[PDB]
Each structure stands twice: as C-alpha cells, then as structure tokens.
Amino acid sequence: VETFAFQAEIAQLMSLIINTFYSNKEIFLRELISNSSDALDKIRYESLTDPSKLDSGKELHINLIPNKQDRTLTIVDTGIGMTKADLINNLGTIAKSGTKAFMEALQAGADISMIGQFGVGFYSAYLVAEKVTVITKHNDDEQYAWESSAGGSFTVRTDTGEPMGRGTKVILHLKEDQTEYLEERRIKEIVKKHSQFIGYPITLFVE
Ligand SMILES: Cc1cccc(Cc2n[nH]c3cc(O)c(C(=O)N(C)Cc4ccccc4)cc23)c1
C-alpha cells in the first residue's frame, strides 16, 4: 500500500467541498456519469483502429449499484480504464490549472454545480461521501485500487479483489445523512434530470 499527498490546490478544493454549505448535493452523480461516458468514448474510439482492445469486454455500459447494508453507491463502467500512471502522476498534474480556475470562479460568483467545466467534477463525490474507493483496470496494466477519506492523502494498491476485465468502478461510502442516494426513486429522478442524453445504457440496480 502506497500513501501519497494530494497537490496543495486539490487538498484546498476538497476542504472547500466538504466545508461549504451547499444543499444541491445531487450534482455529484452527473459528474461521475460524465467521467464514465468519457472513458466509454475513449475505448470505442481506440477499438476502431484496434478491435483487439475489446477482448477484455465488448459491452459498453454504466451500472448504478446501491447497497443499503454497506451504505455504498457504486458507479461501474466498462470504459478504457486507467493505468497506475494515469491514476497517480497523470491525473494530478492536469488538475492544478482547472482547480485554480474553478476556485477563482467561485470567488467571482459562480456556484459548485459548474465544477465539471474545470475538469475536476470527480471531487463533487465528497459532497455525499465520507470515503471514495476507485477500482480500475486498463488493457495495458494490472487492476488498481485508489482510495481517499480526504485529509490531504490518498492510497494506491494492487487490487486483490474480483477481476473486472476493463473499466472503472467508483465506490462511494456515503455520509450518514446522505442515504437518500441509495433510494431507487431518488437515483431515477437524478439520472432523468441531469444525465438523460448519455450515449450508453445506464442500468439502475435494485436490491
Ligand atoms: C481517483 C481518480 C483518478 C483519476 C480520475 C478519476 C475521475 C473519475 N471519476 N469517475 C470515473 C470513471 C472513469 O471511467 C474514469 C476513467 O477511467 N477514465 C479513463 C476517464 C477519465 C475521466 C476524467 C478524468 C480522468 C479520466 C475516471 C473517473 C478519479
């Protein structure tokens, strides 16, 4: 298990998200679905020149899995996935420019719902989750588990769990007062309102 410090600007953004009074928390779902959709577009595009990239799975979809016992909402996709390099170094350097632009925009009168326009939409997961676990598998690498409860650090380890073939799985360990995001009617309402035009099937699992 490797422990890493977030870049200063990311730790500052994560503290703003956790501490600011903001009732419109539901925006987290649209942001994660949009990230899954981008990964699915990436695998679909690469598969045109190289069809062998779909050997780890042909089906291109998004699964929404609530679990009231574990108090978790899982977002699964069969996108391109991420390598260890994509996960750590790569998607921690790009973020700096967008993070600074977003925080400057917030001071200028913008609200938290505009987060996705700065490519840092993922961090909106901390509006509803006390801990986020990200399991990912890319064709060129092994299966990795990323995790953070904020506090300025994240961990990365080789995942010994159930193999996923290819894609990314976001496990949101929900805060005690955010269990509405485990309700079928609530999730359905959010997807219909903010993610109705996603070009991939979205399956809301029931318990
Ligand atoms: C912990 C962490 C590390 C890196 C990125 C993320 C964001 C994320 N949230 N939900 C996702 C779902 C995804 O399928 C992917 C992905 O594998 N790619 C290939 C798409 C992608 C979208 C947006 C940014 C980077 C990659 C990234 C994310 C979380």
# chains A, B, ... in the order shown; residues from 1 in each chain; ligands from 1
>>> residues_near_ligand(ligand="ligand 1", cutoff="6 Å", atoms="only C-alpha atoms and all ligand atoms", output="PyMOL selection string")
chain A and resi 32+35-36+38-39+77+79-82+87+91+122+134+146+167-168
>>> select_by_dssp(residues="chain A", states="alpha helix (DSSP H)", output="ChimeraX atom specification")
/A:8-19,27-49,84-85,91-93,95-107,184-194
>>> residues_around(residues="residue 179 (chain A)", least_positions_apart="4", cutoff="10 Å", atoms="only C-alpha atoms", output="count of residues only")
9
>>> closest_residue(among="A:198, A:76, A:120, A:64", to="residue 166 (chain A)", atoms="only C-alpha atoms")
A:76
>>> residues_around(residues="residue 114 (chain A)", least_positions_apart="4", cutoff="12 Å", atoms="only C-alpha atoms", output="list in words")
residues 24, 27, 28, 30, 31, 98, 99, 101, 102, 103, 105, 106, 109, 110, 118, 119, 120, 121 and 124 of chain A
>>> write_last_selection(atoms="N, CA, C and O atoms", output="compact mmCIF listing (two decimals), in the first residue's frame")
# COMPACT_ATOMS: atom_id res chain seq x y z
N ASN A 24 -27.54 21.66 -2.91
CA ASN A 24 -27.66 20.98 -4.20
C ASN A 24 -26.58 19.86 -4.43
O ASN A 24 -25.87 19.82 -5.45
N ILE A 27 -25.65 16.91 -7.78
CA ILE A 27 -24.78 17.16 -8.93
C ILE A 27 -23.61 16.16 -9.04
O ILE A 27 -23.07 15.99 -10.14
N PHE A 28 -23.23 15.50 -7.92
CA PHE A 28 -22.14 14.50 -7.88
C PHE A 28 -22.37 13.39 -8.92
O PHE A 28 -21.42 12.96 -9.57
N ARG A 30 -24.19 13.29 -11.88
CA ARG A 30 -23.97 13.78 -13.25
C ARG A 30 -22.46 13.80 -13.55
O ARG A 30 -22.06 13.35 -14.62
N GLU A 31 -21.64 14.33 -12.62
CA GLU A 31 -20.18 14.43 -12.80
C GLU A 31 -19.50 13.08 -12.98
O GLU A 31 -18.66 12.94 -13.88
N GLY A 98 -7.24 23.73 -13.79
CA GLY A 98 -8.69 23.71 -13.64
C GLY A 98 -9.18 24.01 -12.24
O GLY A 98 -10.16 24.73 -12.07
N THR A 99 -8.47 23.47 -11.22
CA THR A 99 -8.72 23.66 -9.77
C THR A 99 -8.61 25.14 -9.41
O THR A 99 -9.51 25.67 -8.75
N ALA A 101 -8.65 27.72 -11.60
CA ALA A 101 -9.67 28.43 -12.38
C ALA A 101 -11.06 28.32 -11.74
O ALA A 101 -11.78 29.32 -11.67
N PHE A 102 -11.41 27.13 -11.20
CA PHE A 102 -12.69 26.88 -10.53
C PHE A 102 -12.82 27.67 -9.23
O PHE A 102 -13.88 28.26 -8.98
N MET A 103 -11.76 27.67 -8.39
CA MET A 103 -11.78 28.37 -7.11
C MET A 103 -11.84 29.89 -7.30
O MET A 103 -12.52 30.57 -6.53
N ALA A 105 -13.29 31.26 -9.99
CA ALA A 105 -14.67 31.43 -10.48
C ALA A 105 -15.67 31.49 -9.32
O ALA A 105 -16.57 32.33 -9.36
N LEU A 106 -15.48 30.64 -8.28
CA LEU A 106 -16.30 30.60 -7.06
C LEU A 106 -16.29 31.93 -6.30
O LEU A 106 -17.32 32.34 -5.77
N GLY A 109 -18.43 34.66 -8.07
CA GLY A 109 -19.88 34.48 -8.02
C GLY A 109 -20.44 33.20 -8.61
O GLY A 109 -21.67 33.04 -8.65
N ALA A 110 -19.57 32.29 -9.08
CA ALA A 110 -20.01 31.01 -9.64
C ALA A 110 -20.36 30.05 -8.51
O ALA A 110 -19.92 30.26 -7.37
N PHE A 118 -14.38 22.62 -15.31
CA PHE A 118 -12.98 22.81 -14.96
C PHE A 118 -12.22 21.47 -14.90
O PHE A 118 -11.04 21.46 -14.55
N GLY A 119 -12.89 20.39 -15.31
CA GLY A 119 -12.35 19.03 -15.37
C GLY A 119 -12.04 18.41 -14.02
O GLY A 119 -11.26 17.46 -13.95
N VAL A 120 -12.66 18.93 -12.95
CA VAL A 120 -12.45 18.44 -11.57
C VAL A 120 -13.76 17.99 -10.91
O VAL A 120 -13.83 17.89 -9.68
N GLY A 121 -14.76 17.69 -11.74
CA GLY A 121 -16.07 17.20 -11.34
C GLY A 121 -16.06 16.03 -10.37
O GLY A 121 -16.90 15.97 -9.48
N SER A 124 -16.66 16.43 -6.51
CA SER A 124 -18.04 16.63 -6.03
C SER A 124 -18.58 15.36 -5.31
O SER A 124 -19.58 15.45 -4.61
>>> residues_around(residues="residue 161 (chain A)", least_positions_apart="2", cutoff="10 Å", atoms="only C-alpha atoms", output="list in words")
residues 135, 143, 144, 145, 158, 159, 163 and 164 of chain A
>>> write_last_selection(atoms="C-alpha atoms", output="short mmCIF file (atom, residue, chain, number, x, y, z; two decimals), in the first residue's frame")
data_model
loop_
_atom_site.label_atom_id
_atom_site.label_comp_id
_atom_site.auth_asym_id
_atom_site.auth_seq_id
_atom_site.Cartn_x
_atom_site.Cartn_y
_atom_site.Cartn_z
CA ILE A 135 -11.05 0.28 -8.69
CA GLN A 143 -6.06 -3.93 -11.51
CA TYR A 144 -5.52 -0.97 -9.08
CA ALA A 145 -7.41 0.32 -6.02
CA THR A 158 -2.71 -3.58 -6.48
CA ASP A 159 -6.32 -4.82 -6.23
CA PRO A 163 -11.37 -9.10 -11.58
CA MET A 164 -13.31 -6.55 -13.65
#
>>> residues_around(residues="residue 178 (chain A)", least_positions_apart="6", cutoff="10 Å", atoms="only C-alpha atoms", output="short mmCIF file (atom, residue, chain, number, x, y, z; two decimals) with N, CA and C atoms, in the first residue's frame")
data_model
loop_
_atom_site.label_atom_id
_atom_site.label_comp_id
_atom_site.auth_asym_id
_atom_site.auth_seq_id
_atom_site.Cartn_x
_atom_site.Cartn_y
_atom_site.Cartn_z
N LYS A 25 -26.49 18.93 -3.47
CA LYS A 25 -25.52 17.82 -3.48
C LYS A 25 -25.66 16.83 -4.64
N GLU A 26 -26.87 16.64 -5.19
CA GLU A 26 -27.17 15.66 -6.26
C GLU A 26 -26.30 15.75 -7.54
N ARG A 71 -23.96 0.82 3.02
CA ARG A 71 -24.20 2.26 2.85
C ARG A 71 -23.31 2.82 1.68
N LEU A 127 -19.23 15.71 -1.54
CA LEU A 127 -20.42 16.39 -1.07
C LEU A 127 -21.29 15.36 -0.33
N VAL A 128 -21.24 14.09 -0.78
CA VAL A 128 -22.08 12.98 -0.27
C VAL A 128 -21.31 11.81 0.37
N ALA A 129 -20.01 11.65 0.05
CA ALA A 129 -19.23 10.51 0.54
C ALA A 129 -18.17 10.87 1.55
N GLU A 130 -18.04 10.07 2.63
CA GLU A 130 -17.01 10.25 3.66
C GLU A 130 -15.67 9.60 3.20
#
>>> closest_residue(among="A:43, A:206, A:13, A:88", to="residue 157 (chain A)", atoms="only C-alpha atoms")
A:88
>>> atom_distance(atom1="CA of residue 148 (chain A)", atom2="CA of residue 12 (chain A)")
14.5 Å
>>> select_by_dssp(residues="region 20-207 of chain A", states="strand (DSSP E or B)", output="PyMOL selection string")
chain A and resi 62-67+72-77+129-137+143-148+153-158+167-174+202-204
>>> write_last_selection(atoms="C-alpha atoms", output="compact mmCIF listing (two decimals), in the first residue's frame")
# COMPACT_ATOMS: atom_id res chain seq x y z
CA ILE A 62 -22.79 2.20 -16.94
CA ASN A 63 -24.16 0.39 -13.83
CA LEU A 64 -25.55 2.16 -10.75
CA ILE A 65 -25.44 -0.18 -7.76
CA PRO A 66 -26.85 0.92 -4.35
CA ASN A 67 -26.10 -1.16 -1.23
CA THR A 72 -22.50 2.46 -0.61
CA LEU A 73 -23.44 3.69 -4.07
CA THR A 74 -21.29 2.10 -6.78
CA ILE A 75 -20.85 3.59 -10.32
CA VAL A 76 -19.40 0.93 -12.72
CA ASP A 77 -18.37 1.42 -16.35
CA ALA A 129 -19.23 10.51 0.54
CA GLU A 130 -17.01 10.25 3.66
CA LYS A 131 -14.66 7.91 1.64
CA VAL A 132 -14.27 7.18 -2.09
CA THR A 133 -12.77 3.92 -3.43
CA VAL A 134 -11.80 3.74 -7.12
CA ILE A 135 -11.05 0.28 -8.69
CA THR A 136 -9.70 0.48 -12.24
CA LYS A 137 -8.37 -1.87 -14.92
CA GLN A 143 -6.06 -3.93 -11.51
CA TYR A 144 -5.52 -0.97 -9.08
CA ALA A 145 -7.41 0.32 -6.02
CA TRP A 146 -7.27 4.10 -5.29
CA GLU A 147 -8.86 5.37 -2.04
CA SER A 148 -9.30 8.63 -0.07
CA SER A 153 -3.86 11.97 1.41
CA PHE A 154 -4.85 9.04 -0.87
CA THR A 155 -3.65 5.42 -1.14
CA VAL A 156 -2.87 3.26 -4.20
CA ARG A 157 -2.52 -0.58 -4.07
CA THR A 158 -2.71 -3.58 -6.48
CA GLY A 167 -13.08 -0.18 -16.85
CA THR A 168 -13.53 1.88 -13.68
CA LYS A 169 -15.64 1.32 -10.55
CA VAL A 170 -16.32 4.25 -8.15
CA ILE A 171 -17.49 3.12 -4.67
CA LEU A 172 -18.98 5.97 -2.64
CA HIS A 173 -19.06 5.24 1.11
CA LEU A 174 -21.93 7.66 1.89
CA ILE A 202 -27.40 3.23 -17.69
CA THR A 203 -28.73 0.38 -15.53
CA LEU A 204 -30.00 1.21 -12.04
>>> residues_around(residues="residue 44 (chain A)", least_positions_apart="3", cutoff="10 Å", atoms="only C-alpha atoms", output="PyMOL selection string")
chain A and resi 38-41+47-51+53-54+58+60+79-80
>>> write_last_selection(atoms="C-alpha atoms", output="short mmCIF file (atom, residue, chain, number, x, y, z; two decimals), in the first residue's frame")
data_model
loop_
_atom_site.label_atom_id
_atom_site.label_comp_id
_atom_site.auth_asym_id
_atom_site.auth_seq_id
_atom_site.Cartn_x
_atom_site.Cartn_y
_atom_site.Cartn_z
CA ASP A 38 -15.73 9.97 -21.46
CA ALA A 39 -13.95 6.62 -20.63
CA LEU A 40 -16.51 4.72 -22.78
CA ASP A 41 -15.99 7.15 -25.73
CA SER A 47 -11.40 -0.01 -30.84
CA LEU A 48 -11.89 1.33 -34.43
CA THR A 49 -8.16 1.10 -35.33
CA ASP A 50 -7.51 -1.80 -32.87
CA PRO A 51 -10.51 -4.21 -32.38
CA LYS A 53 -8.77 -3.76 -27.35
CA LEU A 54 -12.37 -5.08 -26.85
CA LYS A 58 -17.39 -5.88 -25.75
CA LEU A 60 -20.10 -0.57 -23.26
CA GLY A 79 -14.61 2.23 -20.32
CA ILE A 80 -10.87 2.36 -21.20
#
>>> closest_residue(among="A:190, A:33, A:10, A:1", to="residue 95 (chain A)", atoms="only C-alpha atoms")
A:10
